[PDB]
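Enquirer: How does the following fold in three dimensions:
(chains A, B, C and D, ligands or ions: 14)
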Amino acid sequence: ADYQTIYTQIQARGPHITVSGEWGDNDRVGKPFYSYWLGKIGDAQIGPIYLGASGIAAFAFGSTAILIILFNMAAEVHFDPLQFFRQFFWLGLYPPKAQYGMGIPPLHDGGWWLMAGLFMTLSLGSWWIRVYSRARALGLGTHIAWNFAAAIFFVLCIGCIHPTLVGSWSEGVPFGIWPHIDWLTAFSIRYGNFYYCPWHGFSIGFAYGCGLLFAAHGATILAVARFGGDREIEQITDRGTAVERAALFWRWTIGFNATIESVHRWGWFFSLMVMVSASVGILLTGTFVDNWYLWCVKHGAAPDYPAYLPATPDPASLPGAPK
Amino acid sequence: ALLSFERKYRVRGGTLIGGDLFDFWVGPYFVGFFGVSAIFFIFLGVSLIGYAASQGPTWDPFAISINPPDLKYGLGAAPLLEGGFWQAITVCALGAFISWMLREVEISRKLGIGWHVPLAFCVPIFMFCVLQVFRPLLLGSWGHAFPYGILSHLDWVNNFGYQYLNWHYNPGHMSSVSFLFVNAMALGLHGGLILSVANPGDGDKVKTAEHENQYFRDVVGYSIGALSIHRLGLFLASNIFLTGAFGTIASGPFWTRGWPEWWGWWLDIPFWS
Amino acid sequence: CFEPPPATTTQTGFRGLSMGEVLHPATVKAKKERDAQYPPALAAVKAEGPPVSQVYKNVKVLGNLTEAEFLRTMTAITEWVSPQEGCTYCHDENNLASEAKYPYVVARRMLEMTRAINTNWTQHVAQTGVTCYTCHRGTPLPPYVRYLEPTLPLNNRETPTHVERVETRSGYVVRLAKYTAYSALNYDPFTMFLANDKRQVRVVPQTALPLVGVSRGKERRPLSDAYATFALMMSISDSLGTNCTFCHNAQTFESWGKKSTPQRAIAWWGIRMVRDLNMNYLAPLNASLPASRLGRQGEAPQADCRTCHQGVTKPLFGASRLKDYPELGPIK
Amino acid sequence: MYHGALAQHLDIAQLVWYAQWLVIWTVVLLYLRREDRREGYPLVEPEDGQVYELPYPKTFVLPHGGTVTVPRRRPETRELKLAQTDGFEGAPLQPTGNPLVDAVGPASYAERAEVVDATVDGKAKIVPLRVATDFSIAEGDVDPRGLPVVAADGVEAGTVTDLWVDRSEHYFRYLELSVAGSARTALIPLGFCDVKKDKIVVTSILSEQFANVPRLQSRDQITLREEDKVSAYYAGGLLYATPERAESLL
Ligand code: BCB
Ligand code: BCB
Ligand code: BCB
Ligand SMILES: C/C=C1/c2cc3[nH]c4c(c3C)C(=O)[C@H](C(=O)OC)c4c3nc(cc4[nH]c(cc(n2)[C@@H]1C)c(C(C)=O)c4C)[C@@H](C)[C@@H]3CCC(=O)OC/C=C(/C)CCC[C@H](C)CCC[C@H](C)CCCC(C)C
Ligand SMILES: C/C=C1/c2cc3[nH]c4c(c3C)C(=O)[C@H](C(=O)OC)c4c3nc(cc4[nH]c(cc(n2)[C@@H]1C)c(C(C)=O)c4C)[C@@H](C)[C@@H]3CCC(=O)OC/C=C(\C)CCC[C@H](C)CCC[C@H](C)CCCC(C)C
Ligand SMILES: CC(C)=CCC/C(C)=C/CC/C(C)=C\CC/C(C)=C/CC/C(C)=C/CC/C(C)=C/CC/C(C)=C/CC/C(C)=C/CC/C(C)=C/CC1=C(C)C(=O)c2ccccc2C1=O
Ligand code: HEC
Ligand code: HEC
Ligand code: HEC
Ligand code: HEC
Ligand SMILES: CC(C)=CCC/C(C)=C/C=C/C(C)=C/C=C/C(C)=C/C=C\C=C(C)\C=C\C=C(/C)CC/C=C(/C)CCCC(C)C
Ligand SMILES: COC1=C(OC)C(=O)C(CC=C(C)C)=C(C)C1=O
Ligand SMILES: CCCCCCCCCCCC[N+](C)(C)[O-]
Ligand SMILES: [Fe+2]
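Expert: Numbers count the residues shown, from 1 in each chain, chains lettered A, B, ... in the order given. Ligands and ions are numbered 1, 2, ... in the order given. This is the structure:
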């Protein structure tokens, strides 16, 4: 088998290349250093890193957020450092627990949450500009920036757009390792089991799809590494045996196939779709659906099983039956 | 019928078993010994599914569910209507998945390429065995498998996870999730990048490998390279199941409390207890 | 860290739903032995002589029994609540009718509670019923009680570490987490749902589309209610040492009928029974116990599910004395 | 009365649900599946079906002058030394002569540009080290220069004399070796090389088949098409190096 697929047997070193952008070639700072071990499975060169205005802004806003969280968290273990390092995962900055609606809640109850929310939004936006313009500056398409927009949107949805639509800040995601995980369940429970939200399904469908695709696509390229399948741009502009054999693999296997360029469109789409689908579902939840399960029951799709232990009537609606 | 360039590649040979006997195409499809066995298994399976679905209560594709036997049956054969079909169908899907993978090997051999695809395809097949065979074996009954049904299998995933109070805290799951997420993101970037380079638009000029790497070096200080992103991809995605399998195999046979509690090893080091 | 196989599994839902208990034989056996120290019922002494409501001075509650019977109950009452301290724990060794020591006034209040439980809440306890043991387990203070704030260790028969001590402020999240099966649910299910009956457990909508006039802005329950119910269900699960599929088919937490096991109903009645226990019997006792027994807000200690179940789905694995000491319930 | 209800018990969700499948199938069938046809189409034997399935030719403005436009009709009127094993439509072909030299089966190359692949600047991309003298074997990897090359028959075949480096990425793509007793130098792609401490093992071909490895035009550069021809040669070995390699493994 082609060992070159596993790791790079013989590394090469040469002068570090630079491709000149339409601006901020002066903002690239750094001493581009190499790395023998990183070279076995990747490119040895690390740096230099491009700064720029937007990149810095991101870090400003970003850390303001991190500080606002990390501080509320240190506060949560009464500023004792050893306990903070111990209970880290369990600590969180939460949104307003009481119902204040869309009014700005007090700092002691989701005030700080709303704050860090805003700064993370600001950070995310900034970073987008960087991702967007870097493509411009280098004379490249803006596919990455558009895809990244989907992701940012979805965050806004579960962050505040949804809370807004149902009109309550209490609905947003808590900042924190376990606490943001807990929200997943509190939210699924509240809206009648996300397994039953079709967009949840679409999002999951695509996310597994990306799993399938990248697994397949990557394997394919490695399987045609001996013909330089890796050299994708030129296989696009000048098809070669590499992508011919790739294509004929799939065609002989599943009955159709793509082109070395098109597949990246499939890939790009599926990715994009995970976030678009996620967003569509979240938008509907609470706004136009209250119990996803019952909703599938209404349209007759939810399945049913016979009883195993005896069926059990809600005792709350028995004649008798207290408060 | 053939692609503009396909004719030259259509030679005899590459098979693992049979030789010339099944060495031919039918439409775009390569057959081979394993295409034959694959077809046999797919036919039985879909039949069994279709036929067992017919003793079911419904024909709505979303509600049809064919389920394994009750726990009490252990590892022995169960009556058809009580999870026998499920057991047959399970054997069929395994025969199919394997034929399919082995067939892909013959195809890569004819084409003189890597076996990387059928190999990567073992990951999904493996995880399916963890769910329907290995874990069930470890807990002593096929009754532990998931039911075949578009929505109903979600019901099983649901309940299986709540059997452990909060499956999110399962460390094998935390791993797997993170790979799932990051992989979807990588496919976004990689697919996006190539497209961003062959399609700058405005009839600007197609760019270079140099440009690819330049892009990421700029945005995040590093760029893994072309052949490298492909390997990293296969790795990220394969790990969704390779690490996830531990989280699954562990729930029951190796751990019976909620997962949150499992984090006691950390929370409860006497030192900071 | 990682419990070794095999695992005892049971099925609580239709085949293929992965509903049911998952248990570690080692841990079960260990609890079976802890729960096996329930003293056997004393040999039965026959009904002869006059009702003790004349033959003794101060016998309010148990007044229907002969002296032969009344003494046997007092022998058992002793094994259950203070087999270490003898009788003299509540009494004065000469003045037996003396309400001198407070364990006396209280033990009576408890006698009615026991009797109320085994008579009214047969929807929960049924044929098994409780005795003083169920909770006390051989000590005046029962091992598992709750205060108006989360406390550690859960079993008070162990020495708290510094951080477990309720006065340590930085130890809060962990006292809270350990009440909720180790989750990070920022809610105390006990004071919220078990002390009184102010809050409603249910949080999931009962219709497919959002009902108008309770679905927008300031008219809505905040999402935090859902968190908190999830906390109670964590807590309950842990208290019986069981998982959600013991009661619910996760497909829909909100639905009963085929979606719920009969134990779900039983649990429902339990929640009511605890609210009664606490509001009417245990909580009032704060005007009769040493300020030392009280909590940091003068609350008397109260009961959650654990108090009786102590890690088992049926407390003491179902062991019952209901027939052996019928003076405890049900009152005929 | 509920939010999201529409006349005759349809809800917004239910609509959006149909809208989503519509959007997905559009993008899949009308867009993506068509893009997939920018190469290889139209199939070899002006029907309606075939106009419908392709998209409007896009044009690539190349970086170093020119354009390429796809899809376009690209007839493979290169000779093919293949005869048929049987009558039926789906039957396989097979080589009449020497597959490796005739370039058929797993040994086939594409009609790629007779051009040389360039860097972002112009200099040829894939050059040997004797030219790219500012490039080095990295700090602590085997230097194959001088090591023997051992073929599938375990017989020595030549001596590694140079490594050819991709200059755009920093990556070694071929070893250049000397076919022992043929006064000729040959390239082999690093994919086919087991690079040891003391030798290079190649199992693609037998030793004496190194003779016929496609020769380059210039000796210090390689064309996109030459890269295929070379790669393809060794690939062909996997299946053809002996009579037994075409047969069944088990
Ligand atoms: C441990 C957790 C598991 C899980 C959890 C899960 C969730 C949480 C969700 C799904 C969903 C989906 N799952 Mg399930 N699943 C499915 C199949 C599917 C699809 C019905 C659907 C979309 C999947 C997808 O797009 O993938 C990517 C692959 C792509 C895009 C290629 C196309 C594949 C095609 C869509 C699948 C065809 C399925 C057929 C309807 C069933 C087979 C037909 C029979 C007659 C041969 C199969 C075949 C298996 C097998 C063989 O094991 C499986 C196992 C599992 N699923 C695990 C048990 N799955 C989603 C859904 O909405 O279900 C209703 C969803 O939300
Ligand atoms: C019990 C509760 C459950 C639940 C609750 C749930 C909810 C509530 C939601 C999902 C959603 C989703 N779920 Mg589900 N889920 C999924 C899979 C999926 C995802 C495909 C999908 C999208 C979420 C995402 O990708 O976030 C990862 C990607 C994110 C978060 C984007 C972040 C990118 C960001 C721009 C990068 C920023 C990072 C910054 C550097 C950070 C710095 C910040 C600093 C400054 C503070 C699977 C496979 C399963 C299985 C197998 O069981 C499952 C089960 C469950 N989910 C349970 C049923 N899930 C979402 C959805 O689609 O609903 C319809 C959603 O809202
Ligand atoms: C309340 C319960 C929950 C739960 C319960 C759960 C369980 C019980 C398990 C997972 C597992 C996993 N979960 Mg989790 N989960 C996940 C994500 C993940 C997946 C990455 C991972 C493995 C998926 C799998 O088993 O594929 C399996 C898919 C397979 C095997 C596909 C088989 C491929 C087959 C060979 C080919 C198919 C052939 C087709 C029939 C062909 C059809 C022909 C047509 C198409 C032509 C997310 C993102 C979330 C979020 C965001 O909340 C979440 C929440 C939840 N999970 C809930 C908390 N989840 C698994 C895991 O690893 O846990 C550690 C697992 O066991
Ligand atoms: C299906 C498709 C998906 C998708 C898509 C895409 N996702 C993208 C992109 C696209 C297309 C990009 O293009 C963009 C990018 O860049 O690609 C390289 C990006 C992003 N995806 C991130 C994370 C991510 N994606 C997730 C999810 C998915 N994404 C889904 C799956 C998840 C999940 C699910 O958890 C995560 C966590 C980041 C890497 C990056 C944001 C950078 C940022 O927004 O930074 C924000 C700005 C900051 C400053 C944060 C950094 C702060 C650190 C701690 C530094 C502070 C310490 C300081 C040094 C100390 C000072 C000391 C001083 C006093 C002396
Ligand atoms: C970590 C790496 C992963 C990965 C990777 C790869 N994935 C591959 C490959 C590689 C490399 C291939 O090479 C191969 C292929 O050719 O791709 C085009 C393939 C394939 N991935 C499929 C489905 C898929 N991949 C998933 C996930 C991952 N992919 C993960 C992420 C998931 C989900 C849900 O996660 C799904 C559903 C098929 C499309 C295809 C199998 C064809 C087949 O097997 O034909 C033979 C079998 C059939 C055509 C049908 C089977 C008939 C049986 C007898 C009856 C069915 C019974 C069944 C059990 C009932 C289902 C119940 C259901 C409602 C719950
Ligand atoms: C009664 C009954 C039901 C039984 C009969 C069963 C029946 C169907 C039998 C038919 C009888 C026949 C015709 C004869 C036998 C012939 C035979 C063995 C064929 C089997 C037929 C068969 C079962 C077909 C099913 C095929 C099938 C599994 C298809 C699934 C396809 C799916 C959904 C996969 C998802 C993957 C996906 C999203 C891909 C989209 C993009 C693609 C094509 C990527 C592939 C691809 C990638 C990934 C690259 O990286 C790449 C790089 C460079 C160039 C090309 C490519 C490229 O094409
Ligand atoms: C629970 C603490 C407790 C312990 C332990 C206990 N007692 Fe009692 N004793 C009480 C209470 C309370 C009453 C009141 C009975 C009633 O009101 O129905 C009582 C009443 C009595 C009376 C009646 C007093 C009178 O003359 O009016 C006698 C006699 C008695 N117990 C004997 C015993 C004996 C003998 C034991 C040991 C075998 C014992 N007690 C152990 C608390 C206790
Ligand atoms: C439902 C659980 C439960 C049952 C059943 C129960 N107890 Fe109690 N007991 C408690 C709680 C809670 C307290 C208050 C905390 C405390 O004072 O230890 C308490 C307090 C007491 C005390 C005072 C303990 C002290 O030293 O402060 C005595 C004595 C007592 N009970 C006796 C009894 C007797 C006798 C019975 C049988 C009639 C009984 N208990 C049944 C839960 C229970
Ligand atoms: C010991 C039995 C039992 C177990 C175990 C249990 N539940 Fe419950 N659950 C109940 C009962 C009873 C109710 C109803 C309480 C009421 O209405 O007063 C309920 C209510 C709920 C509700 C509210 C649904 C509605 O109608 O609004 C949710 C959600 C829920 N449980 C989820 C869970 C989760 C998650 C777990 C696992 C952590 C769990 N349950 C474990 C018995 C149980
Ligand atoms: C007063 C003591 C006591 C308290 C407090 C208590 N239980 Fe019970 N529980 C019992 C007894 C006694 C039984 C009888 C077991 C039997 O029927 O065999 C029981 C039975 C049950 C059962 C049925 C078990 C089965 O396998 O059928 C469930 C479920 C249950 N309890 C849940 C709860 C929940 C939830 C709480 C907290 C709201 C709670 N219990 C509080 C004493 C108690
Ligand atoms: C009128 C104005 C004031 C109100 C509107 C402002 C506005 C737009 C608010 C919306 C805010 C939003 C979108 C909030 C969304 C928050 C979300 C989705 C948070 C989700 C997860 C966060 C997590 C897991 C953060 C955990 C944080 C920590 C563990 C501490 C921080 C340290 C780190 C190293 C960050 C983790 C980064 C990761 C790669 C590991
Ligand atoms: C096309 O090739 C690619 C690279 O090298 C040129 C990358 O560095 C990267 C990004 C590298 C990291 C570590 C995100 C991607 C996604 C890629 O697709
Ligand atoms: C649930 C996510 C939806 C993903 C859609 C799956 C795409 C598969 C497309 C196969 C196309 C079939 N064909 C040959 C007609 O093109
Ligand atoms: Fe690629």
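Enquirer: Quick check: the gap between the closest residue to chain B within the stretch 101-250 of chain A and residue B:107.
Expert: Proximity of the stretch 101-250 of chain A to chain B (C-beta to the nearest C-beta) peaks at residue A:223, 2.9 Å away. Yep, even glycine has a C-beta here, placed from its N, CA and C like the rest. If you measure residue A:223 against residue B:107 using C-beta to C-beta, to the nearest Å, the figure is 11 Å.
Enquirer: quick one: common contacting residues for these two?
Expert: residue A:249 (C-beta atoms under 8 Å, 6 or more residues apart in numbering or on different chains).
Enquirer: Between the two, which is the more surrounded one?
Expert: More crowded of residue A:223 and residue B:107, by other C-beta atoms under 10 Å in any protein chain shown: residue A:223, with 29 against 25.
Enquirer: Next to ligand 5, which bits of the stretch 1-150 of chain B? Give me the list.
Expert: Proximity of the stretch 1-150 of chain B to ligand 5 (C-beta under 6 Å from any ligand atom) is limited to residues B:38, B:41-42, B:45-46, B:49, B:89, B:92-93, B:96-97, B:100, B:117, B:120-121, B:123-124, B:148-150.
Enquirer: ok, which stretches of chain B are helices?
Expert: For chain B, the helices defined by DSSP state H occupy B:32-54, B:84-110, B:116-120, B:122-129, B:135-139, B:152-162, B:171-198, B:209-220, B:226-250, B:259-262, B:264-267.
Enquirer: and what of the stretch 201-323 of chain A?
Expert: Taking DSSP state H, counting those that start in this stretch as the criterion, the stretch 201-323 of chain A contains helices spanning A:232-237, A:241-254, A:262-284, A:292-298.
Enquirer: Quick one: closest of the ones you listed to residue B:11.
Expert: helix A:241-254 (11.6 Å; C-beta to C-beta).
Enquirer: Mind giving me the packing neighbours of the closest one?
Expert: Using 3 or more C-beta pairs under 8 Å, 6 or more residues apart in numbering or on different chains; DSSP states H and E, the elements in contact with helix A:241-254 are helix A:198-223, strand B:29-30, helix B:84-110, helix D:224-240.
Enquirer: wait, does that helix contact ligand 1?
Expert: No. Judged by C-beta under 6 Å from any ligand atom, helix A:241-254 makes no contact with ligand 1; its nearest approach is 10.4 Å.
Enquirer: That helix and ligand 6, any residue contact?
Expert: Yes. Residues of helix A:241-254 contacting ligand 6 under C-beta under 6 Å from any ligand atom: A:243, A:246, A:247, A:250, A:254.
Enquirer: Which of the residues you listed are buried, as a PyMOL select command?
Expert: Entered in PyMOL, the line below selects the buried ones among the residues of helix A:241-254 next to ligand 6, by 16 or more other C-beta atoms under 10 Å in any protein chain shown:
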select buried, chain A and resi 243+246+247+250
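Enquirer: Where does the residue of chain D found nearest chain B sit: helix, strand or coil?
Expert: Residue of chain D nearest chain B, by C-beta to the nearest C-beta: residue D:106 (2.8 Å). Look at residue D:106: counting by DSSP: H, G, I helix; E, B strand; the rest coil, its state is helix.
Enquirer: Next: the one 4 residues further on.
Expert: What three-state DSSP gives for residue D:110 is coil.
Enquirer: count of neighbours near residue 208?
Expert: Defaulting to chain A. 17.
Enquirer: you looked at the wrong chain, it should be chain D
Expert: Residue D:208 has 15 neighbours, counted by other C-beta under 10 Å.
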